[PDB]
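K.L.:
model this:
(chains A, B, C, D, E, F, G, H, I, J and K)
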Amino acid sequence: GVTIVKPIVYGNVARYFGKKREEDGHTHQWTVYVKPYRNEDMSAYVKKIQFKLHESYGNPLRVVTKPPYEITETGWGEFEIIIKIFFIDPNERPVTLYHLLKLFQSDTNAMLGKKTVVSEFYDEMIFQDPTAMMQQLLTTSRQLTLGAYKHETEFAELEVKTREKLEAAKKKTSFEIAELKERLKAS
Amino acid sequence: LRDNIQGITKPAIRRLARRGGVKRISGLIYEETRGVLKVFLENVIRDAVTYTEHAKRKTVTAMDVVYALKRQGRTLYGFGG
Amino acid sequence: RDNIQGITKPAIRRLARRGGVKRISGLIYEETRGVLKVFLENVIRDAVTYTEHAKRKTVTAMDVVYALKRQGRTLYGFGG
Amino acid sequence: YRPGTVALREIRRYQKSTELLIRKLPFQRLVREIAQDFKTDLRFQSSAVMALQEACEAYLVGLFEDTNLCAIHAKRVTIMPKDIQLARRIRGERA
Amino acid sequence: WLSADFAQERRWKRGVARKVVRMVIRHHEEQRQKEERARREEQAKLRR
Amino acid sequence: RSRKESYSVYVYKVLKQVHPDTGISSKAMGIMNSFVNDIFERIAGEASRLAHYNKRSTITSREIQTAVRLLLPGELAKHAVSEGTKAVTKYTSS
Amino acid sequence: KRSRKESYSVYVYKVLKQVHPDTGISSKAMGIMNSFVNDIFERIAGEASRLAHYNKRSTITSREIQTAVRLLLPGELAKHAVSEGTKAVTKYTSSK
Amino acid sequence: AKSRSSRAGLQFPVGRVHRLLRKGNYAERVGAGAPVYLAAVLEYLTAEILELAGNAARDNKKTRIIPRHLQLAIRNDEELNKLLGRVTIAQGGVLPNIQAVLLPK
Amino acid sequence: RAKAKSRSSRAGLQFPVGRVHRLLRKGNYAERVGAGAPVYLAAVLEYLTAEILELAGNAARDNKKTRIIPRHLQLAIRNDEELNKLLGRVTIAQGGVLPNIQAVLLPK
DNA sequence: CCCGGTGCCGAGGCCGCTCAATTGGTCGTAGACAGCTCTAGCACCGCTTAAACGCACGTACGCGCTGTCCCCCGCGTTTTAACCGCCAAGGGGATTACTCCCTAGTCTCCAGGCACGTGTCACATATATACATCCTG
DNA sequence: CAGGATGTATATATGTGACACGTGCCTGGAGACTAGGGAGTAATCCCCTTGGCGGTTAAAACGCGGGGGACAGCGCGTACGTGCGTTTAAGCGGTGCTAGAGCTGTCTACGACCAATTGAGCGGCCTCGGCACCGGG
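P.N.:
Numbering: from 1, shown residues only, chains lettered A, B, ... in the order given. Structure as follows:
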């Protein structure tokens, strides 16, 4: 009768190189990741995360062993990545997720000139009637870092929400400074 | 932090082997050296943090590292004042 | 005197068996004899150094244990 | 150049100098990584980090010096993983 | 060179004469302690 | 005769507690006594070194705890520390 | 409010200059030198303490230190250090 | 009236441990709980080794711990092995193990 | 009192006999220390230091350097037979190693 | 290697005494804790670029195979001494007597350890031809 | 049997880092001078544990024979080195900020210390039974 819910976010970021590379023809860098929604240490209950890529790469089955779990790579086309999260308790069935690697922007986002492409989704790992060890591990999770933890996608919207503060403060500061300096020098 | 063991690159390991006298190096020697260096740092820093926590200090001083290396048998001069 | 040959070929072979070897070379015995002689010389030197300070005419298993501990070969069974 | 000449050159070059062979900024991050697993928000002194790097470099130099002989024992010039494994086993670290 | 010498010789002299009168007190004490050692010799004959 | 001394009685009591029916020979008892003495020496030396490092003129339960941490490998350290802390807590309550 | 830390650099440089008038020493070399002095001091003092504890004596003496030096120093360095210590203990007790 | 060993619930001689600590020149002031803690750790290690050696000797149809089985336990336990690595148990022997390369077939 | 003479000067040593005695008496080593123990200890330490300094200065002159650096210490230690045995389990920072290339890895 | 019989000396339990552990009582001192601060550790951002990463190519080193030659390995018989008990006595340890050496305390005093500024005093970095020191012909 | 073609020294120079050298501070040390303590040196002397005699078989040793393992020669393959080009984050040092290691000041519980009392431990002794030894399956 014990149900534990762990919120997580899994996704990918991508940066366009501006031109097709001559070495391998790739056009984008991308990082595929799972990270926690809360500021908590996934390593207390995750043994490893395996990411299975498209068969174009020299090895498609990548592995990561510490949170925030992520892999950085390069590519030119979109493909589905299978993320298999294994838990410390071998009696617990690992979780399977399918992430559509997004590298290209939509027309609306392309017109806005945004420097990064992001696709990420929120999910909740549900452990129903978990073992005593697994329950203790899930309940004893510690905080990951003392800093803030945040989410990115819709990237254009988050960037606009950031700039709505940033440019306002910058313009205020700029104009106020210019006025102060000019008045003081005129006297 | 994470995956900072990869901050020990193939040129660095090859220079460390050149300084040890090795002429030709294999491919998996780099992974073996990273794994061995990580295991060594694990014990050294565990001893250092054990000497630190016991002192109720928030900073790992150089004397803590010196004492850890002495415990592990690697007496290190040049950092004992 | 030169009674170092007391550690004979069959004794060295039995030591090798206990160490897990199933085949010995022809030049291993003269090397094992020298290695054992150096190890002894060292341990006995430490034991005699302890005994001289102790002012005892008889070398003791306690002095042997102290010598072994100094050399790092800690031994249990003889009171230390 | 013939394979091996530029390598013996680097051998003679790095067996002559004494500077650190591992990069500071990358090695300090590894040190802080390994310290995170023991204490959160842990501070380190520059002298402590330098001592750690020196100890690591000396240990690795000794390990490679033993691995060189382990490889030469098998009439081989290239050091293979079993060489470092035998070195560690006979040292007593993974016996 | 000589100024510090006199200052040093003064502290040395008052120290030297000091320890002199000093062993003088210990000597007189040693005479009473000499009688006490004779008493201890009497006690040693007692013990024998 | 003199009075050579050993933990034989307490070793035998712990042996009875762990295996009520399994005895121990004299050679084994002497080896166990030597092991206990060596571990005592090592732990006390490490505690004195910790005291000298911290500039403390006294070896306390915390010093002994840190010395045991600096010597026992992992699970053994975690169990010995728990045993020592429980023993000291039960002692402080009497 | 000063936090002054001691060291053997004042005497390690005196011996250095008396055994080599023209040669100096850097600060890092002086630190390594002081570390060596501290390490060997600890070694010899611990060995003398061990000898005293084995002989059931609560005080360390010149004889314990001599046997400790004989045990620690190897071969033809032990003899030299022991002769130096013996000569010093005899020139010190002669009121010179 | 009450021995500190029984007070703390230990079997080892807390008092003898305190005496040895204060007489071994380890420090000028032995804490009240330092000897209790040390005796507890020693008792824990002794119980571990005794249990292992007991059930190693009883695994060979015996009913009396011997040096052979003490050594077997010390070398089979990965923790006790790291602890007593450079230690040699007299009359303990070695572990039965033959390399595959030496083995036939 | 009489002009105070230091124990180091009385013996003929440079290392601090007073500080050595302080360490010995307040340390784990023993309850109380005799007057002869710290003198002997300081003399031995001074001898070891003089020896290693001579070797380091020789290495420095060989390398054409006036300042003894950790290179001249490492080279001296690993070239000397007995000092190498004394400091075998001791690593020196920025000291380096010897150019000991195995004869089997040379051009043929 | 496993099983039933006999056998013995070493394990384990009891007796008794004493010396260490314990109980009670005191002083003081190192420490626990709060107050203050100022260094150094942390974070960040930009100009520079040296090192790292990726890829091509082939050359030399791993590695697998084969063949000879012998140098250990198993077995039989032959020769030496390790091993298991007695018998002096030479040392290792109890017991008593006693003194040189160190402890403890308190002044008196030479000496070294930095804060600071000043003046020398290496050799790291830079520059170039001289010397190997290759390697493809 | 050369020579472009690299790489590695060798020597010289200079000016900024760092040894090097006063100038006075003082506070933690270093020694001198009485008084008190104490443990180990020294001389006996009782008592076990060595070192020294003659046999018994058990292991060391010597030999033999052939067999399987070491070592050398050789060749196939591939991967590990070197060079070139692209890429990245490492080194620099410039600025901003505050966190806590460290100094400091006060008040206090814990432990060394000393004296008396008590029983836990240990030498000693004896009875006994777990495993050493052994011959048939």
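K.L.:
For chain F, give me its nearest residue in chain D.
P.N.:
Per Cβ to the nearest Cβ, the residue of chain D with the smallest distance to chain F is residue D:38, at 11.3 Å. C-beta coordinates here come from the backbone N, C-alpha and C atoms, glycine included.
K.L.:
For burial, what's the neighbour tally of that residue?
P.N.:
Summarising burial for residue D:38: neighbours were counted as other Cβ atoms under 10 Å in any protein chain shown, giving 17.
K.L.:
Helix, strand, or coil at it?
P.N.:
With DSSP: H, G, I helix; E, B strand; the rest coil as the basis, residue D:38 sits in coil.
K.L.:
Could I get the contacting residues of it?
P.N.:
Under the criterion of Cβ atoms under 8 Å, 6 or more residues apart in numbering or on different chains, the contact partners of residue D:38 comprise B:45, B:46, B:49.
K.L.:
Those residues, buried ones only, as a PyMOL selection?
P.N.:
To isolate the buried subset of those in PyMOL, counting by 16 or more other Cβ atoms under 10 Å in any protein chain shown, use the following:
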select buried, chain B and resi 45+46+49
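K.L.:
Please go through the contacts of residue D:38 and note which also touch chain D.
P.N.:
B:45, B:46, B:49 (Cβ under 8 Å from any Cβ of the partner chain).
K.L.:
would you list every one of the helices in chain D?
P.N.:
Ranges of helices in chain D, per DSSP state H, are D:5-14, D:24-36, D:46-73, D:81-91.
K.L.:
would TSV of those with mean neighbour count and distance to DNA strand K be doable?
P.N.:
Shown next, in TSV, are the helices of chain D (neighbours: other Cβ atoms under 10 Å in any protein chain shown; distance: least, Cβ to the nearest atom of the strand, whole Å):
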stretch	mean neighbour count	distance to DNA strand K
helix D:5-14	15	3
helix D:24-36	19	3
helix D:46-73	21	10
helix D:81-91	17	11
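K.L.:
DNA strand J contacts on chain E?
P.N.:
Counting by Cβ under 7 Å from any atom of the strand, the residues of chain E lying close to DNA strand J are E:8, E:11, E:14, E:15, E:44, E:47.
K.L.:
one more time with 10 Å, if that's ok
P.N.:
E:4, E:7-8, E:10-15, E:18, E:37, E:40-41, E:43-45, E:47-48 (Cβ under 10 Å from any atom of the strand).
K.L.:
Return the subset of the residues you listed lying in helices.
P.N.:
In this view, the residues of chain E next to DNA strand J that belong to helices under DSSP H are E:4, E:7-8, E:10-15, E:18, E:37, E:40-41, E:43-45, E:47.
K.L.:
Within range of DNA strand K, give me the residues from chain B.
P.N.:
Close to DNA strand K, as judged by Cβ under 10 Å from any atom of the strand, chain B has residues B:4, B:6-7, B:9-11, B:14, B:17-18, B:22-30, B:52, B:55-61, B:63.
K.L.:
So how do I select the buried members of these in PyMOL?
P.N.:
A single PyMOL command selects the buried members of the residues of chain B next to DNA strand K (16+ other Cβ under 10 Å):
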select buried, chain B and resi 4+7+14+17+18+22+23+25+26+29+30+52+55+60+61+63
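K.L.:
Which ones among the residues of chain B next to DNA strand K map onto strands?
P.N.:
If you go by DSSP state E, these have B:24, B:25, B:59, B:60 in strands.
K.L.:
so the last one makes contact with residue B:49?
P.N.:
The reference is to residue B:60. Yes: the criterion here is Cβ atoms under 8 Å, and residue B:60 meets it with residue B:49 at 6.7 Å.
K.L.:
Find the residues that touch each one of the two.
P.N.:
Any residue near both residue B:60 and residue B:49 by Cβ under 8 Å, 6+ apart counts here, and that gives D:35, D:42.
K.L.:
Show me which residues of chain F sit near chain C.
P.N.:
Residues of chain F lying near chain C by Cβ under 8 Å from any Cβ: F:4, F:27, F:30, F:31, F:34, F:35, F:37, F:38.
K.L.:
Pretty sure residue H:84 is one of the things the fourth one touches, is it not?
P.N.:
By that I understand residue F:31. No: when contacts are counted by Cβ under 8 Å, residue F:31 is not listed as touching residue H:84 (10.8 Å).
K.L.:
any chance of the ones next to chain D among the contacts of residue D:38 in TSV, plus distance to residue F:61 and secondary structure?
P.N.:
Compiled in TSV, the ones next to chain D among the contacts of residue D:38 are given as follows (distance: Cβ to Cβ, whole Å; DSSP: H, G, I helix; E, B strand; the rest coil):
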residue	distance to residue F:61	secondary structure
B:45	25	helix
B:46	21	helix
B:49	20	helix
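K.L.:
Take those and lay them out in CSV including distance to chain E.
P.N.:
What follows is the ones next to chain D among the contacts of residue D:38, written out as CSV (distance: Cβ to the nearest Cβ, whole Å):
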residue, distance to chain E
B:45, 57
B:46, 58
B:49, 55
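K.L.:
which one among those residues gets closest to chain H?
P.N.:
Out of the ones next to chain D among the contacts of residue D:38, the one with the shortest distance to chain H is residue B:46. That distance is 13.6 Å, counting by Cβ to the nearest Cβ.
K.L.:
list the contacts for the closest one?
P.N.:
Residue B:46 sits next to B:68, D:38 when contact means Cβ under 8 Å, 6+ apart.
K.L.:
again with residue B:12
P.N.:
The neighbourhood of residue B:12, defined by Cβ under 8 Å, 6+ apart, consists of D:21, D:22, D:23.
K.L.:
which non-adjacent residue is nearest the second one?
P.N.:
Distance criterion Cβ to Cβ, 6 or more residues apart in numbering or on different chains; nearest residue to residue D:22, sequence neighbours excluded, is residue B:12 at 5.2 Å.
K.L.:
Could you report the separation of the one you found from residue D:60?
P.N.:
Relative to residue D:60, residue B:12 is positioned 10 Å away (criterion: Cβ to Cβ, to the nearest Å).
K.L.:
Check the gap between the most centrally placed residue in chain B and DNA strand J for me.
P.N.:
In chain B, the residue lying closest to the centroid (Cα atoms, centre = their mean) is residue B:41, at 3.9 Å. Note on residue B:41: its distance to DNA strand J, by Cβ to the nearest atom of the strand, to the nearest Å, is 16 Å.
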